[PDB]
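Raw contents of coords.txt, compact mmCIF, C-alpha atoms and all ligand atoms:
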```
# COMPACT_ATOMS: atom_id res chain seq x y z
CA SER A 75 100.33 77.85 105.32
CA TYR A 76 99.04 77.40 108.87
CA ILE A 77 96.01 79.25 110.24
CA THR A 78 96.05 80.25 113.90
CA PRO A 79 92.81 79.83 115.90
CA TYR A 80 93.74 82.63 118.34
CA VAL A 81 92.52 85.60 116.30
CA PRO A 82 91.00 88.40 118.42
CA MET A 83 87.99 90.57 117.58
CA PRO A 84 89.31 94.02 116.63
CA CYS A 85 87.35 97.13 117.47
CA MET A 86 88.46 100.73 117.08
CA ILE A 87 87.34 103.24 119.71
CA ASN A 88 88.93 106.28 118.07
CA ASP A 89 92.06 107.57 116.32
CA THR A 90 94.15 106.78 119.42
CA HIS A 91 92.19 104.02 121.21
CA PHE A 92 91.81 100.42 119.99
CA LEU A 93 90.72 97.06 121.41
CA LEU A 94 91.52 93.45 120.49
CA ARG A 95 88.91 91.28 122.20
CA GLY A 96 90.40 87.97 123.30
CA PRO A 97 89.57 85.10 120.97
CA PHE A 98 86.55 82.84 121.45
CA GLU A 99 84.68 85.78 123.00
CA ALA A 100 86.96 86.13 125.99
CA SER A 101 86.02 88.21 129.02
CA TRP A 102 89.11 90.37 128.41
CA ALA A 103 90.63 92.48 125.65
CA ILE A 104 94.03 93.89 124.77
CA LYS A 105 93.89 97.69 124.95
CA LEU A 106 96.13 99.69 122.59
CA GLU A 107 96.49 103.43 123.22
CA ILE A 108 98.53 105.66 120.90
CA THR A 109 99.86 108.47 123.09
CA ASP A 110 102.93 110.70 123.45
CA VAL A 111 102.72 110.34 127.25
CA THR A 112 105.72 108.51 128.73
CA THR A 113 104.67 106.43 131.74
CA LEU A 114 107.54 103.93 132.11
CA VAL A 115 111.31 104.23 132.56
CA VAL A 116 114.10 101.79 131.71
CA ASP A 117 114.85 99.34 134.53
CA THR A 118 117.31 96.46 134.87
CA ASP A 119 114.49 93.88 134.87
CA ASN A 120 111.78 95.21 132.52
CA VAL A 121 113.55 95.61 129.16
CA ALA A 122 111.97 93.59 126.34
CA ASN A 123 111.91 93.34 122.54
CA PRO A 124 109.30 92.06 120.03
CA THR A 125 110.55 88.48 120.50
CA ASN A 126 109.72 88.18 124.22
CA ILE A 127 107.12 90.94 124.67
CA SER A 128 104.82 88.13 125.83
CA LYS A 129 106.85 88.23 129.05
CA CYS A 130 105.07 91.54 129.75
CA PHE A 131 101.97 89.40 130.48
CA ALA A 132 103.44 86.90 132.94
CA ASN A 133 101.29 87.36 136.06
CA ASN A 134 98.05 87.59 134.04
CA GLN A 135 95.44 84.86 134.05
CA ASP A 136 95.01 83.01 130.74
CA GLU A 137 98.52 84.24 129.92
CA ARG A 138 98.74 81.57 127.21
CA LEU A 139 95.80 83.07 125.31
CA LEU A 140 97.20 86.58 125.82
CA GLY A 141 100.49 85.42 124.33
CA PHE A 142 98.73 83.82 121.37
CA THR A 143 96.77 87.03 120.73
CA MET A 144 99.86 89.25 120.97
CA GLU A 145 101.54 86.75 118.63
CA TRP A 146 98.78 87.25 116.07
CA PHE A 147 99.05 91.02 116.52
CA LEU A 148 102.82 91.20 115.95
CA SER A 149 102.93 88.97 112.85
CA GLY A 150 105.06 90.58 110.14
CA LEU A 151 106.81 92.95 112.57
CA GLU A 152 108.70 90.65 114.95
CA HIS A 153 110.33 88.75 112.08
CA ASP A 154 111.72 92.11 110.92
CA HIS A 155 115.19 92.76 112.34
CA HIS A 156 114.87 96.42 111.32
CA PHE A 157 111.82 96.79 113.62
CA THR A 158 113.54 97.40 116.97
CA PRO A 159 111.30 99.57 119.17
CA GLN A 160 112.17 99.98 122.82
CA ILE A 161 109.61 97.96 124.78
CA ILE A 162 109.25 98.43 128.55
CA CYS A 163 107.18 95.99 130.56
CA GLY A 164 105.22 97.47 133.44
CA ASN A 165 104.10 96.40 136.91
CA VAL A 166 100.41 95.59 136.48
CA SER A 167 100.10 95.05 140.25
CA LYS A 168 101.14 98.69 140.74
CA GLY A 169 98.62 99.94 138.18
CA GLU A 170 101.01 100.36 135.24
CA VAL A 171 100.29 99.31 131.67
CA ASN A 172 101.44 95.87 130.56
CA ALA A 173 103.86 97.27 127.98
CA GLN A 174 105.08 100.58 126.57
CA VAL A 175 106.20 100.45 122.92
CA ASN A 176 108.50 103.29 121.86
CA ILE A 177 107.47 104.32 118.33
CA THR A 178 109.35 107.62 118.19
CA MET A 179 111.30 106.44 115.13
CA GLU A 180 109.45 107.43 111.96
CA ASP A 181 109.94 103.93 110.55
CA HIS A 182 108.77 102.07 113.67
CA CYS A 183 105.77 104.39 113.92
CA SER A 184 105.07 103.78 110.23
CA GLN A 185 105.22 99.99 110.62
CA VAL A 186 102.91 99.96 113.65
CA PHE A 187 100.53 102.36 111.88
CA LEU A 188 100.38 100.19 108.75
CA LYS A 189 99.75 97.01 110.74
CA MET A 190 96.96 98.69 112.71
CA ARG A 191 95.53 100.17 109.49
CA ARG A 192 95.39 96.68 108.00
CA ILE A 193 93.63 95.49 111.16
CA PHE A 194 91.18 98.33 111.92
CA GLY A 195 91.10 100.40 108.73
CA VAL A 196 91.59 104.08 108.08
CA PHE A 197 92.39 106.41 110.97
CA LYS A 198 94.55 109.44 111.74
CA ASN A 199 98.22 108.95 110.91
CA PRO A 200 100.25 109.54 114.11
CA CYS A 201 103.65 109.64 112.37
CA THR A 202 102.98 112.79 110.33
CA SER A 203 103.77 114.91 113.39
CA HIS A 204 107.17 114.29 114.96
CA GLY A 205 107.98 114.10 118.66
CA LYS A 206 107.65 111.27 121.13
CA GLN A 207 105.11 108.55 120.35
CA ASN A 208 104.20 105.44 122.32
CA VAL A 209 101.79 102.53 122.10
CA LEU A 210 100.59 101.56 125.57
CA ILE A 211 99.41 97.94 125.70
CA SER A 212 97.26 96.77 128.62
CA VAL A 213 94.59 94.19 129.44
CA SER A 214 91.10 95.55 130.10
CA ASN A 215 87.67 94.01 130.63
CA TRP A 216 85.26 93.45 127.75
CA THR A 217 82.06 95.43 128.32
CA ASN A 218 80.57 94.90 124.84
CA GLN A 219 82.05 98.11 123.47
CA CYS A 220 80.97 97.16 119.94
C1 LIG B 1 89.05 108.32 122.56
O1 LIG B 1 88.37 107.39 123.42
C2 LIG B 1 88.86 107.38 124.77
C3 LIG B 1 88.12 106.28 125.49
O2 LIG B 1 86.74 106.58 125.65
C4 LIG B 1 88.66 108.76 125.40
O3 LIG B 1 89.20 108.75 126.71
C5 LIG B 1 89.36 109.82 124.55
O4 LIG B 1 89.08 111.11 125.08
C6 LIG B 1 88.89 109.74 123.10
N1 LIG B 1 89.62 110.70 122.28
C7 LIG B 1 89.01 111.65 121.57
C8 LIG B 1 89.91 112.56 120.78
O5 LIG B 1 87.79 111.78 121.56
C1 LIG B 2 114.02 89.54 126.35
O1 LIG B 2 115.29 89.09 125.84
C2 LIG B 2 116.38 89.99 126.12
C3 LIG B 2 117.59 89.42 125.43
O2 LIG B 2 117.29 89.01 124.10
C4 LIG B 2 116.56 90.12 127.63
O3 LIG B 2 117.60 91.05 127.89
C5 LIG B 2 115.26 90.60 128.26
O4 LIG B 2 115.40 90.60 129.68
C6 LIG B 2 114.10 89.69 127.87
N1 LIG B 2 112.85 90.21 128.40
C7 LIG B 2 112.32 89.81 129.56
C8 LIG B 2 111.02 90.45 129.95
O5 LIG B 2 112.86 88.96 130.27
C1 LIG B 3 112.08 106.44 123.11
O1 LIG B 3 113.05 106.53 122.07
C2 LIG B 3 113.68 107.82 121.97
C3 LIG B 3 114.61 107.75 120.77
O2 LIG B 3 114.50 106.50 120.10
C4 LIG B 3 114.41 108.15 123.27
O3 LIG B 3 114.96 109.45 123.18
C5 LIG B 3 113.45 108.06 124.45
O4 LIG B 3 114.16 108.24 125.66
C6 LIG B 3 112.74 106.71 124.46
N1 LIG B 3 111.77 106.65 125.55
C7 LIG B 3 112.08 106.26 126.78
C8 LIG B 3 110.96 106.26 127.78
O5 LIG B 3 113.22 105.91 127.09
```
Would you write the structure of this file as structure tokens?
Ligand SMILES: *[C@@H]1O[C@H](CO)[C@@H](O)[C@H](O)[C@H]1NC(C)=O
Ligand SMILES: *[C@@H]1O[C@H](CO)[C@@H](O)[C@H](O)[C@H]1NC(C)=O
Ligand SMILES: *[C@@H]1O[C@H](CO)[C@@H](O)[C@H](O)[C@H]1NC(C)=O
Amino acid sequence: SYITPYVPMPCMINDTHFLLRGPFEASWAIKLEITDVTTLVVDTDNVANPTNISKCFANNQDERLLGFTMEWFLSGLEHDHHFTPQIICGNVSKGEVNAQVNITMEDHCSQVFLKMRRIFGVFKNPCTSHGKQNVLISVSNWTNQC
């Protein structure tokens, strides 16, 4: 099989905060926050799915590398047709997160949790408790957090 060179550096802040440092020691990092706070609402122009979630990083610099990193991150979940979380792109120029991933479904939450547990290791299971659950994806600056 083929080995991608665009593998980020994972680092876990805590049970709900995670970072994927852009490959080749980039000056940026993908920020993943597990939270039940809804920040984004469905709009006629911002709906996305796992197949074109890269379009939530259009106006960003080095958008190619961001797309490659998100591609690495979503391996094994996008190919799944039974993994259909609502994904809402956000206006980064207005201060919104790059993407909001609806993981309210027990199965979607379970899949995201298992992928992130393969990446970062053991942490608190967010799907035990019911209710709304989201993964907010943004791009933050690397300040040598780890
Ligand atoms: C997890 O880390 C973030 C980032 O520093 C912080 O805002 C948040 O309060 C932390 N959560 C807990 C439960 O400590
Ligand atoms: C992703 O593709 C769907 C159709 O498959 C489309 O409706 C949606 O607008 C696309 N996402 C973006 C951000 O353009
Ligand atoms: C997330 O999904 C649930 C059910 O799948 C839905 O009730 C909720 O409205 C969705 N979130 C948003 C912001 O639309």
At a cut-off of 6 Å and counting all atoms listed in the file, what residues surround ligand LIG 2 (chain B)? Please answer as a ChimeraX atom specification. /A:120-123,126,129
What residues have any atom no more than 12 Å from ligand LIG 3 (chain B) when counting only C-alpha atoms and all ligand atoms, and can you list them as a VMD selection string? chain A and resid 110 to 117 121 157 to 164 173 to 183 204 to 210
Between CA of residue 92 (chain A) and atom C3 of ligand LIG 1 (chain B) lies a distance of 8.8 Å
Which residues sit within 6 Å of ligand LIG 1 (chain B), counting all atoms listed in the file, listed as a PyMOL selection string? chain A and resi 87-88+91
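Remark: for residue 201 (chain A), the closest of the candidate residues A:83, A:109, A:149, A:104 is A:109 (distances computed over all atoms listed in the file).
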Given 8 Å of margin on each side, can you work out the centre and size in Å (one decimal) of an axis-aligned box holding every listed atom of region 198-209 of chain A, as AutoDock Vina command-line options?
```
--center_x 101.3 --center_y 108.7 --center_z 116.3 --size_x 29.4 --size_y 28.4 --size_z 28.0
```
From the set A:101, A:133, A:219, A:125, which residue has the shortest atom-to-atom contact distance to residue 167 (chain A), counting only C-alpha atoms? A:133
Give me the residues near residue 150 (chain A) as a list in words, where near means some atom within 12 Å (using all atoms listed in the file) and where sequence neighbours in that chain fewer than 4 positions away do not count.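 Contacts, with the query itself left out: residues 124, 125, 145, 146, 154, 155, 156, 157, 185, 186, 188, 189, 190 and 192 of chain A.
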Kindly export the residues of the current selection with C-alpha atoms, as a compact mmCIF listing (two decimals), keeping the file's coordinate frame.
```txt
# COMPACT_ATOMS: atom_id res chain seq x y z
CA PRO A 124 109.30 92.06 120.03
CA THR A 125 110.55 88.48 120.50
CA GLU A 145 101.54 86.75 118.63
CA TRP A 146 98.78 87.25 116.07
CA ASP A 154 111.72 92.11 110.92
CA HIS A 155 115.19 92.76 112.34
CA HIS A 156 114.87 96.42 111.32
CA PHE A 157 111.82 96.79 113.62
CA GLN A 185 105.22 99.99 110.62
CA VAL A 186 102.91 99.96 113.65
CA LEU A 188 100.38 100.19 108.75
CA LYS A 189 99.75 97.01 110.74
CA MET A 190 96.96 98.69 112.71
CA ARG A 192 95.39 96.68 108.00
```
One number please: CA of residue 212 (chain A) to CA of residue 93 (chain A), in Å, one decimal.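 Spanning CA of residue 212 (chain A) to CA of residue 93 (chain A) is a straight-line distance of 9.7 Å.
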What is the CA of residue 196 (chain A)-CA of residue 170 (chain A) distance in Å, reported with one decimal?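 These atoms are spaced 29.0 Å apart.
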Could you tell me, as a list in words, which residues have any atom at most 10 Å from (82.7, 89.0, 123.6), counting all atoms listed in the file? residues 82, 83, 95, 96, 97, 98, 99, 100, 101, 102, 103, 215, 216, 217, 218, 219 and 220 of chain A
Quick one: residues within 8 Å of (97.2, 94.6, 116.8) (file frame), counting only C-alpha atoms, please, as a list in words.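 These residues have at least one counted atom within 8 Å: residues 84, 94, 106, 144, 146, 147, 148, 189, 190 and 193 of chain A.
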Using the atoms already present, construct N, CA and C atoms for region 180-210 of chain A and hand them back as a PDB file, in the frame of the given file.
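Written out: out36.pdb:
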```pdb
ATOM      1  N   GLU A 180     110.415 107.305 113.042  1.00  0.00           N
ATOM      2  CA  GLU A 180     109.450 107.430 111.960  1.00  0.00           C
ATOM      3  C   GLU A 180     109.151 106.081 111.313  1.00  0.00           C
ATOM      4  N   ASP A 181     110.161 105.216 111.191  1.00  0.00           N
ATOM      5  CA  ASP A 181     109.940 103.930 110.550  1.00  0.00           C
ATOM      6  C   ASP A 181     109.173 102.966 111.454  1.00  0.00           C
ATOM      7  N   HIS A 182     109.517 102.915 112.745  1.00  0.00           N
ATOM      8  CA  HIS A 182     108.770 102.070 113.670  1.00  0.00           C
ATOM      9  C   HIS A 182     107.322 102.521 113.777  1.00  0.00           C
ATOM     10  N   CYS A 183     107.120 103.832 113.919  1.00  0.00           N
ATOM     11  CA  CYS A 183     105.770 104.390 113.920  1.00  0.00           C
ATOM     12  C   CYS A 183     105.029 104.018 112.646  1.00  0.00           C
ATOM     13  N   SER A 184     105.707 104.115 111.499  1.00  0.00           N
ATOM     14  CA  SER A 184     105.070 103.780 110.230  1.00  0.00           C
ATOM     15  C   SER A 184     104.657 102.316 110.180  1.00  0.00           C
ATOM     16  N   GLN A 185     105.531 101.421 110.637  1.00  0.00           N
ATOM     17  CA  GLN A 185     105.220  99.990 110.620  1.00  0.00           C
ATOM     18  C   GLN A 185     104.030  99.673 111.516  1.00  0.00           C
ATOM     19  N   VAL A 186     104.033 100.202 112.743  1.00  0.00           N
ATOM     20  CA  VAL A 186     102.910  99.960 113.650  1.00  0.00           C
ATOM     21  C   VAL A 186     101.625 100.535 113.062  1.00  0.00           C
ATOM     22  N   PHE A 187     101.704 101.733 112.477  1.00  0.00           N
ATOM     23  CA  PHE A 187     100.530 102.360 111.880  1.00  0.00           C
ATOM     24  C   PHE A 187      99.977 101.521 110.737  1.00  0.00           C
ATOM     25  N   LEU A 188     100.853 100.970 109.897  1.00  0.00           N
ATOM     26  CA  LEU A 188     100.380 100.190 108.750  1.00  0.00           C
ATOM     27  C   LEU A 188      99.774  98.867 109.195  1.00  0.00           C
ATOM     28  N   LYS A 189     100.364  98.222 110.203  1.00  0.00           N
ATOM     29  CA  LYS A 189      99.750  97.010 110.740  1.00  0.00           C
ATOM     30  C   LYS A 189      98.363  97.305 111.309  1.00  0.00           C
ATOM     31  N   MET A 190      98.249  98.368 112.114  1.00  0.00           N
ATOM     32  CA  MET A 190      96.960  98.690 112.710  1.00  0.00           C
ATOM     33  C   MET A 190      95.956  99.203 111.679  1.00  0.00           C
ATOM     34  N   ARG A 191      96.430  99.757 110.562  1.00  0.00           N
ATOM     35  CA  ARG A 191      95.530 100.170 109.490  1.00  0.00           C
ATOM     36  C   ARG A 191      95.073  98.990 108.651  1.00  0.00           C
ATOM     37  N   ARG A 192      95.878  97.929 108.581  1.00  0.00           N
ATOM     38  CA  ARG A 192      95.390  96.680 108.000  1.00  0.00           C
ATOM     39  C   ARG A 192      94.360  96.031 108.903  1.00  0.00           C
ATOM     40  N   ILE A 193      94.547  96.143 110.218  1.00  0.00           N
ATOM     41  CA  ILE A 193      93.630  95.490 111.160  1.00  0.00           C
ATOM     42  C   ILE A 193      92.310  96.253 111.268  1.00  0.00           C
ATOM     43  N   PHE A 194      92.367  97.545 111.610  1.00  0.00           N
ATOM     44  CA  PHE A 194      91.180  98.330 111.920  1.00  0.00           C
ATOM     45  C   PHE A 194      90.668  99.186 110.768  1.00  0.00           C
ATOM     46  N   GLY A 195      91.513  99.508 109.801  1.00  0.00           N
ATOM     47  CA  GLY A 195      91.100 100.400 108.730  1.00  0.00           C
ATOM     48  C   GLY A 195      91.645 101.795 108.928  1.00  0.00           C
ATOM     49  N   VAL A 196      91.092 102.710 108.129  1.00  0.00           N
ATOM     50  CA  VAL A 196      91.590 104.080 108.080  1.00  0.00           C
ATOM     51  C   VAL A 196      91.435 104.753 109.441  1.00  0.00           C
ATOM     52  N   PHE A 197      92.466 105.498 109.841  1.00  0.00           N
ATOM     53  CA  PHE A 197      92.390 106.410 110.970  1.00  0.00           C
ATOM     54  C   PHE A 197      93.562 107.387 110.877  1.00  0.00           C
ATOM     55  N   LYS A 198      93.574 108.356 111.793  1.00  0.00           N
ATOM     56  CA  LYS A 198      94.550 109.440 111.740  1.00  0.00           C
ATOM     57  C   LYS A 198      95.973 108.906 111.828  1.00  0.00           C
ATOM     58  N   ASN A 199      96.822 109.368 110.921  1.00  0.00           N
ATOM     59  CA  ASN A 199      98.220 108.950 110.910  1.00  0.00           C
ATOM     60  C   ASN A 199      98.960 109.641 112.055  1.00  0.00           C
ATOM     61  N   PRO A 200      99.540 108.899 113.004  1.00  0.00           N
ATOM     62  CA  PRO A 200     100.250 109.540 114.110  1.00  0.00           C
ATOM     63  C   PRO A 200     101.694 109.915 113.800  1.00  0.00           C
ATOM     64  N   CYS A 201     102.253 109.419 112.699  1.00  0.00           N
ATOM     65  CA  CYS A 201     103.650 109.640 112.370  1.00  0.00           C
ATOM     66  C   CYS A 201     103.883 110.867 111.501  1.00  0.00           C
ATOM     67  N   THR A 202     102.818 111.535 111.052  1.00  0.00           N
ATOM     68  CA  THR A 202     102.980 112.790 110.330  1.00  0.00           C
ATOM     69  C   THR A 202     103.668 113.830 111.217  1.00  0.00           C
ATOM     70  N   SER A 203     103.130 114.049 112.413  1.00  0.00           N
ATOM     71  CA  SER A 203     103.770 114.910 113.390  1.00  0.00           C
ATOM     72  C   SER A 203     104.925 114.172 114.060  1.00  0.00           C
ATOM     73  N   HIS A 204     106.020 114.892 114.305  1.00  0.00           N
ATOM     74  CA  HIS A 204     107.170 114.290 114.960  1.00  0.00           C
ATOM     75  C   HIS A 204     106.961 114.224 116.468  1.00  0.00           C
ATOM     76  N   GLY A 205     108.056 114.170 117.221  1.00  0.00           N
ATOM     77  CA  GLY A 205     107.980 114.100 118.660  1.00  0.00           C
ATOM     78  C   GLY A 205     107.832 112.683 119.168  1.00  0.00           C
ATOM     79  N   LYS A 206     107.777 112.573 120.492  1.00  0.00           N
ATOM     80  CA  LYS A 206     107.650 111.270 121.130  1.00  0.00           C
ATOM     81  C   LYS A 206     106.308 110.634 120.786  1.00  0.00           C
ATOM     82  N   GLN A 207     106.325 109.318 120.593  1.00  0.00           N
ATOM     83  CA  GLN A 207     105.110 108.550 120.350  1.00  0.00           C
ATOM     84  C   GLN A 207     105.266 107.184 120.987  1.00  0.00           C
ATOM     85  N   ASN A 208     104.215 106.733 121.664  1.00  0.00           N
ATOM     86  CA  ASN A 208     104.200 105.440 122.320  1.00  0.00           C
ATOM     87  C   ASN A 208     102.896 104.717 122.016  1.00  0.00           C
ATOM     88  N   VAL A 209     102.968 103.391 122.072  1.00  0.00           N
ATOM     89  CA  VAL A 209     101.790 102.530 122.100  1.00  0.00           C
ATOM     90  C   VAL A 209     101.770 101.860 123.465  1.00  0.00           C
ATOM     91  N   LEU A 210     100.785 102.211 124.283  1.00  0.00           N
ATOM     92  CA  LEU A 210     100.590 101.560 125.570  1.00  0.00           C
ATOM     93  C   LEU A 210      99.675 100.357 125.373  1.00  0.00           C
TER      94      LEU A 210
END
```
